[PDB]
Number of protein chains: 2
Amino acid sequence: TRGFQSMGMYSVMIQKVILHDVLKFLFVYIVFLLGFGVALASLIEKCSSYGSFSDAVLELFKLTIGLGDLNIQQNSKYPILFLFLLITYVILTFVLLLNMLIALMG
Amino acid sequence: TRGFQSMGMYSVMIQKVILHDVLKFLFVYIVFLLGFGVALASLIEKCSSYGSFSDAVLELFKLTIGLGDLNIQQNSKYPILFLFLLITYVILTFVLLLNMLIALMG
């Protein structure tokens, strides 16, 4: 699609946005993902849903893209603290960081 | 990340947006959240889902971030009024207020 005129300007924007904004945003966002993934997988009392570190980050990525669930009834010792960490993560990335990325991409 | 050049301008934007826009938006949005939380938890006839004030605001925050459900079949006395309040809340915050915040953050 570099042959036409109204398509090369759409095929170079992928390269510009990937090399400038999305990589920088992921280099920031991986820190929040790892921190809240360990912080949620630590306090789960063993037998549920937030099993290990290779599952809590999947649940958090679904929560960031807008899938999944946000159920309070988990097998934790402090469900108020668990809900507070989940609300802090959703406020930090679903509202602040992703829309700041959208403004920078604009 | 203040050491580099293309990262300090990404680490100061979090401070600017948090101190200018997100705090102001939450100071407005908490009023709508409290008002519709009491207005929905008041008219639920006791035995469901909209149990108390500490659960209706959880359901409304899930409805604002785009999770949850919007089922009409609730244990209310006026389901038309309940659905009208829910549609008014979704129109007020999911379409108007959050996208106005996005424009101001841009």
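Residues numbered from 1 in each chain as written, not as in the entry; some residues may be left out. Chains lettered and ligands numbered in written order. Part of a larger assembly, values for the part shown. Heavy atoms only, no water.

Per the PDB record, this model was obtained through cryo-EM at a reported resolution of 4.02 Å.

Per the PDB entry, chain A goes by the name Transient receptor potential cation channel subfamily V member 3 and belongs to Homo sapiens.

Draft legend 1. Focus on the nonpolar core. Residues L60 and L70 of chain A together with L60 of chain B are the most contacted members of the largest nonpolar core, which totals 54 residues. Elements that contribute at least two residues to this core include exactly α1 (8-41), α2 (53-65) and α3 (79-105) of chain A together with α1 (8-41), α2 (53-65) and α3 (79-105) of chain B. Tallying contributions element by element places α3 of chain A first for this core, with 11 residues. The residues touching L70 of chain A, leaving out its near neighbours within four places in the chain, are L63, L83, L86, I87 and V90 of chain A together with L58, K62, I65 and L67 of chain B. (Core = buried A, V, L, I, M, F, W, Y, C linked by side-chain atoms within 4.5 Å. Buried < 20%, exposed > 50% of the residue type's maximum accessible area, 1.4 Å probe, protein only. Helix = DSSP H or I, 4+ residues; strand = E, 2+ residues; numbered from the N terminus. Contact = heavy atoms within 4.5 Å.)

Draft legend 2. Structural context of the interface of chain A and chain B. Facing 23 residues of chain A, the contacting portion of chain B comprises 16 residues. Here chain A packs against chain B, burying approximately 1900 Å² in sum over the two surfaces, 85% of which is carbon and sulfur. It is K24, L96 and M100 of chain A that lose the most area in chain A upon contact with chain B, and together they represent 30% of the buried surface on that side. The tally of links between chain A and chain B comes to 0 salt bridges. Here the side of chain A that touches chain B takes 13 residues from α3 of chain A, the largest share from any one element. Partitioned by chemical class, the residues of the side of chain A that touches chain B number 18 nonpolar, 3 polar and 2 charged. (Buried area = accessible area lost by both parts, 1.4 Å probe. Salt bridge = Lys/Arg side-chain N within 4 Å of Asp/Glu carboxyl O. Nonpolar A, V, L, I, M, F, W, Y, C, P; charged D, E, K, R; others polar.)

Draft legend 3. Expanded view of a nonpolar patch on the surface. Taken together, the side chains of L104 of chain A together with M9, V12 and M13 of chain B make up a nonpolar region of the molecular surface, amounting to roughly 320 Å² of accessible area. Of all the elements, α1 of chain B adds the most residues to the nonpolar patch, at 3 residues. Along the chain, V12 of chain B turns up in helix α1. (Patch = residues over 30% accessible without salt bridge, like charges linked within 9 Å, V, L, I, M, F, W, Y side chains within 5 Å. Areas by Shrake-Rupley, 256 points an atom, 1.4 Å probe, with all protein chains shown as cover.)

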